[PDB]
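To start, the structure under review is shown below, and the notes come after it.
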Protein chains: 2
Amino acid sequence: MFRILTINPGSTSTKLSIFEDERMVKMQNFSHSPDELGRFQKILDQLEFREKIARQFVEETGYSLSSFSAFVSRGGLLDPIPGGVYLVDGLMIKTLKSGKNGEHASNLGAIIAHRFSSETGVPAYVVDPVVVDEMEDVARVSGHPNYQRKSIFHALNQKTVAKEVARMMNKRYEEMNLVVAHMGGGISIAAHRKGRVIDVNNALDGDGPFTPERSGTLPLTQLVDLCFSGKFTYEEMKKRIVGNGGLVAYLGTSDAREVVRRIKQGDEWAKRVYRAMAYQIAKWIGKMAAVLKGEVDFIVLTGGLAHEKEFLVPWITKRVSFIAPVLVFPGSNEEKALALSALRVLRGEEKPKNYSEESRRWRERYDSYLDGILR
Amino acid sequence: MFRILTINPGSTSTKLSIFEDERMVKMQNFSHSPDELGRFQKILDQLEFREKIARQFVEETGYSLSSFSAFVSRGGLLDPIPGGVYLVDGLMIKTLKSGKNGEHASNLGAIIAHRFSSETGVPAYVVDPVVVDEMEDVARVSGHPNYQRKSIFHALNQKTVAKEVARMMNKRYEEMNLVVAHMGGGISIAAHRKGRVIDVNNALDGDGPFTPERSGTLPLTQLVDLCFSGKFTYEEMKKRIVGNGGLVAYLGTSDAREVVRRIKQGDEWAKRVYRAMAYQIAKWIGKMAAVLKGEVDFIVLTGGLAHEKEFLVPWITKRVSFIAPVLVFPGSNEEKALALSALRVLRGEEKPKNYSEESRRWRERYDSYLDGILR
Ligand SMILES: Nc1ncnc2c1ncn2[C@@H]1O[C@H](COP(=O)(O)OP(=O)(O)CP(=O)(O)O)[C@@H](O)[C@H]1O
Ligand SMILES: Nc1ncnc2c1ncn2[C@@H]1O[C@H](COP(=O)(O)OP(=O)(O)CP(=O)(O)O)[C@@H](O)[C@H]1O
Ligand code: NA
Ligand code: NA
């Protein structure tokens, strides 16, 4: 019986849970109000504030941090790496604290687990960071030398549902081909070729179909124009990619249930914009089908939007069932996903990756690719 | 027997030809050197220069402009309109001369035909302008209210090959479903649903797969960043979408035959970038397949790149034949295409559209769509 602690720091919340083997024994979401949050200049300044909530969470359990077998955290903005469960080390910490790859609340998670680790000797891990990158070189070329397509998406949910589909039919994730569509506030559509995400859109940076809250890919010219059109507000213009865009920008809401209600009342602009979102998701799924050369076992719809079975799901299904049957796996459980990955490691069913080495192996391969600087 | 004159003004050249029914009797390309061309401030200033070449072309024929039955020109940057053959009228001229929709050498063609028309009484037409737009509303939504997907591509070649495929099997263009891929210096991939191009990428404005000379769609964030990174050269940064991008930017050449030669010599970066271009064309064809809900009769590869049957064509075919069989229709004949469209009209096999009315009908429909300004 292994007792595990999962750490999941988000932009506006902090989720923690305790697992005893595969059974969850405690979980609590600690939301943070804009007020309470704006009290910090840089994101790193929240470090002690959030650690305090975690120590407190275990504290009022009667258990001590040394009674745990592992501490597991959501990855963060680490350098590109293959999927898997990594041991938190010195290089990871240095990178996270220096925000060399950007600052994000999720970076605090690994740091927090590491300290819990230095005080108890218990192992700390991070699994499937948002920077998981397992794509093929051909997918990196963008059309212009000083631009690269990068793999930045909800890799944890992707990998997790893919393995769930396999396990459901007692097959191996490694022997299938899938098109998995994670449709939440962010939308990533990935091509899984034999356990490897060979191509996917850069969801986190706003590339792809538009979402309930993001605008997704936008017209090039019209952009470079409205770019320096005086309307320049590096911030304002920058929030139209991850904050103020998509359904919320057209209908004034990012709640699908609200939008479906309107469609049932005869709202035509609402239905036209919602239908356009499904239309885009379908197109991208088509892109990924072409990536797999048509060899697709299943198309999987997952994420919050997969719950909407009256319009969205049926619309997508009609357009893409010619590629492969459609399977719906609604939602996503980050806590359970992280704890199980740590259990597999503790049970010796999976080998822990070493971020340090693993990062070098990746950069070495990427650097050989990047050697296109030869004129 | 109808004698027709075709006018085709390009960025750096001017092509004219004379058809007597379906037989071509004279054609000549008048290239214009950067020197000879830079002699004009605005594009409109070339008007008299190019008209002089056309009058001269007919001049040394022994024929007079009044012996013709029609004058046909390549469309230009007119307001959005459905496909077809239009009669050149006052509204078209006003729009072209004022460059309200942008300046382009192709705008001079209609103007030149109109004058030839005012002097002889003979009818002047423009067919399938680059601004043909027959897409469905759902395809217009971009993800953000002040951005629209527009249909701007090589509509003449598109429409022409589509009808050729049909005629080849004695069927009607109006009763088929096709995915036509025009792969030249510009790459447009369009979904033809029963004679109507319901969706296609904005090729002319750099949206889509990268081409031998254009970069195509680029990463959003990385763009908005490099946008105002001091490197700002509204011009320089603007030519990385239609002039300096794509294969030419990576390999230093936009000649596919040159690139194929390198691949045969073992060049690996060359092969990797070329293969990435095919890879992208395939993905977009996948997008259009999803637009047609999988109901695709044929996938058609046309344009210059369709000539390359050693690598490009076979690579695309492998990835997309699961959608529908692939047909290769290399090149494109603009002269023959324009003259035939005028012959059909002169023979009464096709009705001439009226740009004036046709433009209103289009804007009325678009304006109802654009009424999403209701909060
Ligand atoms: N039962 C339900 N019916 C219809 N829509 C639902 C739903 N439950 C959730 N949604 C919708 O699905 C969307 C996504 O929820 P999800 O939990 O995946 O998003 P997220 O807020 O966590 C952001 P991201 O996906 O980028 O992490 C929501 O924005 C909501 O509009
Ligand atoms: N026989 C051949 N074999 C291989 N490639 C060829 C070819 N003939 C032409 N090409 C290539 O195909 C590409 C397109 O020629 P195409 O005539 O369609 O282009 P274009 O210069 O007219 C520009 P656009 O398509 O935007 O009008 C060229 O850029 C060239 O590299
Ligand atoms: Na978008
Ligand atoms: Na591109």
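Here the Cβ positions follow ideal geometry from the backbone for every residue, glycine too, while neighbour counts run over all protein chains shown. Numbers and lists here come from the model and the stated rules, or from a named source; none is laboratory data.
The rows are residues; the columns are (1) more than 23 Å from A:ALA110 (Cβ to Cβ); (2) acidic (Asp, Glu); (3) away from ligand 1 (no atom under 16 Å from the Cβ).
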position	(1), (2), (3)
A:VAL291	yes, no, yes
A:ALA306	yes, no, no
A:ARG363	no, no, yes
A:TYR366	no, no, yes
Within the range A:287-319, residues being touching a helix residue (DSSP H, G or I) at 6+ places or on another chain (Cβ under 8 Å) and either among the basic types (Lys, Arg) or within 16 Å of ligand 3 (Cβ to nearest atom) (or both) number 4
Any idea how many residues of the range A:194-206 are surrounded by fewer than 24 Cβ atoms within 10 Å (Cβ to Cβ) and either closer than 28 Å to A:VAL260 by Cβ or within 13 Å of chain B (Cβ to nearest Cβ) (or both)?
4
If you scan the range B:328-354, which residues turn out to be within 13 Å of ligand 2 (Cβ to nearest atom) and either more than 15 Å from the chain's Cα centre (by Cα) or within 14 Å of chain A (Cβ to nearest Cβ) (or both)?
B:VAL328, B:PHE329, B:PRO330
Would you mind telling me which numbered condition in (1) surrounded by 19 or more Cβ atoms within 10 Å (Cβ to Cβ); (2) under 22 Å from B:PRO129 (Cβ atoms) B:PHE57 fails?
(2)
So how many residues does the range A:292-307 have that are more than 14 Å from chain B (Cβ to nearest Cβ) and not in a strand (DSSP E or B)?
4
Would you be able to tell me the number of residues in the range B:13-35 that are outside any strand (DSSP E or B), loosely packed, with under 12 Cβ neighbours inside 10 Å and free of Cβ contacts under 8 Å to residues at least 60 places away in the same chain?
3
Select from the range A:342-356 the residues that are assigned to a helix (DSSP H, G or I) and more than 13 Å from A:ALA124 (Cβ to Cβ) and list them in ascending order.
A:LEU343, A:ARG344, A:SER356
Quick test of your reading of the structure: B:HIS144 fulfils all but one of (1) within 16 Å of ligand 3 (Cβ to nearest atom); (2) within 26 Å of A:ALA290 (Cβ to Cβ). Name the failing condition by number.
(2)
Among the residues of the range B:91-134, the number that are closer than 12 Å to B:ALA70 by Cβ and outside any helix (DSSP H, G or I) is 7
In this structure, is B:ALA282 without any contact (Cβ under 8 Å) to a residue 12 or more places away in the chain, of a type in the set (A, V, I, L, M), buried (at least 23 other Cβ atoms within 10 Å of the Cβ) and within 14 Å of chain A (Cβ to nearest Cβ)?
no
Taking the residues in the range A:253-296 that are more than 14 Å from A:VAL313 (Cα to Cα) and polar (S, T, N, Q) as candidates, determine which candidate is farthest from ligand 4 (Cβ to nearest atom).
A:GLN265
Regarding B:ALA290, is this residue more than 13 Å from ligand 2 (Cβ to nearest atom), crowded, with 17+ Cβ neighbours inside 10 Å, aliphatic (A, V, I, L, M) and under 21 Å from the mean Cα position of the chain (by Cα)?
no
Scanning the range B:245-270 for residues that are away from ligand 2 (no atom under 14 Å from the Cβ) and within 12 Å of chain A (Cβ to nearest Cβ), the one nearest to A:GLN148 (Cα to Cα) turns out to be B:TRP269
List, please: which pairs have Cβ atoms under 8 Å, are six or more places apart or on different chains, and start with a residue in the range A:211-239 that is at negative phi and in the same structural domain as A:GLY252 (by CATH) and end with one that is outside any loop (DSSP other than H, G, I, E, B) and within 16 Å of ligand 2 (Cβ to nearest atom)?
A:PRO219/B:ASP205; A:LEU220/B:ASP205; A:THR221/B:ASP205; A:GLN222/B:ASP205
